[PDB]
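Written out below as structure tokens is the structure these notes cover.
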Amino acid sequence: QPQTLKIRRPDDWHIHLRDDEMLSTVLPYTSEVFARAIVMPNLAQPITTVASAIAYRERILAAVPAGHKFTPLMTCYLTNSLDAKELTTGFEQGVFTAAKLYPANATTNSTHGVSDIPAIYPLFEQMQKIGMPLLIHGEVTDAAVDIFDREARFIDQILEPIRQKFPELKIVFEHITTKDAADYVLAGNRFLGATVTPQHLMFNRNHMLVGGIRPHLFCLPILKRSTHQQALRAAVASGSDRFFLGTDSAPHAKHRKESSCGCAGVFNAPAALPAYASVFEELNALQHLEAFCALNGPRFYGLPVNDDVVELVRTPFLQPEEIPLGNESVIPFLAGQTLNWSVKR
Amino acid sequence: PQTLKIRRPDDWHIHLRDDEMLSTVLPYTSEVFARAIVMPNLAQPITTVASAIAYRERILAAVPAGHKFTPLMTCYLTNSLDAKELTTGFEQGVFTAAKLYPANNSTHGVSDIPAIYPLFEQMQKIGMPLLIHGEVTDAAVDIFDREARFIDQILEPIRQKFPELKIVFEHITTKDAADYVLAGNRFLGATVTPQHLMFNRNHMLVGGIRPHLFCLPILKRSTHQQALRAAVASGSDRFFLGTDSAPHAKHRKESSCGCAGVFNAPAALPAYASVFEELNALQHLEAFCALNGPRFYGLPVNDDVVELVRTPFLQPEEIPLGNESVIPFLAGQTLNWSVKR
Ligand SMILES: [Zn+2]
Ligand SMILES: [Zn+2]
Ligand SMILES: [Zn+2]
Ligand SMILES: [Zn+2]
């Protein structure tokens, strides 16, 4: 009988569900396994009001397959013109679980993002006061800064000053990719946490570029050198409660990935939990998987831990090469590869 | 408009491919360049005099009427290559140089480089230049560090043992390489592509991933780009024009695993002119394009002239290739310089 592992039902603290037909297609891969997910607000029209958040939440709930138990945790897209009252009442009414900071032009659907971050300090002050967490895509966008350096520059230039001025603001440093970030979070306090994706644990920039260029490994923040990958792996393997599961599943149609200018984002929802299990196994750290997947996140946000359990079984499972999307398709993470772990039905 | 008359240039590093691709891409080179160093990495690599002669003939047959062009052939070095094949090829005028590709068996590429030291000794003796793709392949080495490791681990020992061997450090991409060449002597030269002068890795990756800027060796950080620019702008005679034009069909570039190589032949000379202009170094363009290479190899300089004219020049979006196409360097963009023949 193959090795099994019982853990509390996990949550995904960072995901893109998109909208319309894409939403219908991709959500089931998440709702099958995860009880809750932090749903990012970067649609074509960003989610900046309570009304638009309620409407999007309804569309997500309508896409949940029968027999799945799933609750989306909505987020507000911060902007330079955002009204603080909208953020405050959204949080107190339970519409917004958190607010998300995109530096302007840092990534997908970020043209309406925040251009001069210190200008919205009055929003952070209000968030600190009410206990609303701030989620951050932590990259500078200055053209003179090399893409591989943008996360590290963010830490010193933007994040540290925020933490000095608002010491009791809950901040999630989303999808960390560097030793710089890992060390900074490890040296922080209970008000600073971080999510880590499976791709930044499993791969480094050599996988994207050696022997050919692989746009399905292209995501933001970009894959870093092996040194940084190893630091992330050691961070989560340490069992520190500052790190938790956030996939940053970010699906795009195949033709938008395999083009002259490929979109950033990996569609990793289909194999997400098994992928993480494989990593924790390689790190001799399966004892810390549960905390990372199911405990650390809820404890950071101040939300309850799930009552359910899931069973991971160490039996092979082949990822499909493509996932249909109308007359187009989406290429999943680890397409055509065999994972060592499966989830028991 | 401003004009610049220079000696007819040569391209000291090019891939012409073969068959229909060869027919399509060669004219872009033969229109402007009198000679080109033709790399030997075909599907069946060029490792014998016979195969080199045959490939040369196919190239010459593809030269359009009214173009004056001569391909300078190269031998693909392998672990099992016979030294006599190299020697007679050089003396018969078939091989102009030999090319070292680090592997990634002995038929197909050099795996243990010190094992072919006896070939280098023979090349040194006869005056045959060694062209090097200078990257290690060790899996522990990050892709952006591979050029720098090559310098210390492979190139320096070769230069210590064979101090009078002519070596071209092909398509340099790093400050490490630039500084090493600048600190060398007349037996060490280097080619520089337009893409490594014009761009850095941010251009390939910021705001989207751009496989038409993906080439080997990979684009480096801006620091290295600036060092290359300063190297050629200094007017050092150790650097010369080598495009490393490396065309692939569009569908092979824009795929789940894109091929390395930029097709820069169509706008090659105008692109370089733009760079030298930005660097306030147009006085050094002629040497880089037409003098430094021939003088390094010990070959004659071209008698012809070409005129560069500062009038706009729109690059096409696509170049036909049978039922397929090839995306050129700077597709859809406007260069400030054009060539009058
Ligand atoms: Zn992000
Ligand atoms: Zn995201
Ligand atoms: Zn090469
Ligand atoms: Zn080449």
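Just the heavy atoms: all of them, side chains too, but no hydrogens, waters or symmetry mates, feed the values below. Numbered from 1 within each chain, the chains take letters A, B, ... in sequence-line order. Whatever order the structure lists ligands and atoms in, that order sets their numbers, starting from 1.
Restricting B/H15 to its N, O or S atoms, the one at the least distance from the Zn ion (ligand 4) is NE2.
A/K257 places a side-chain N or O within donor-acceptor distance of the main-chain N or O of A/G265, the cut-off being under 3.5 Å.
Using bins of under 30°, 30° to 60° and over 60° for the plane-to-plane angle, the ring pair B/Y28/B/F263 lands in the perpendicular bin.
The nearest N, O or S atom of A/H137 is not closer to the Zn ion (ligand 2) than 2.8 Å.
The angle subtended at the Zn ion (ligand 4) by NE2 of B/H13 and OD1 of B/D244 is 80°, given to the nearest 10°.
With 3.5 Å as the limit, one finds a donor-acceptor pair spanning the side chains of A/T177 and A/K224.
Exactly one residue among A/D11, A/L73, A/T97 makes a side-chain contact (heavy atoms from CB on, under 4.5 Å) with A/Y301. That residue is A/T97.
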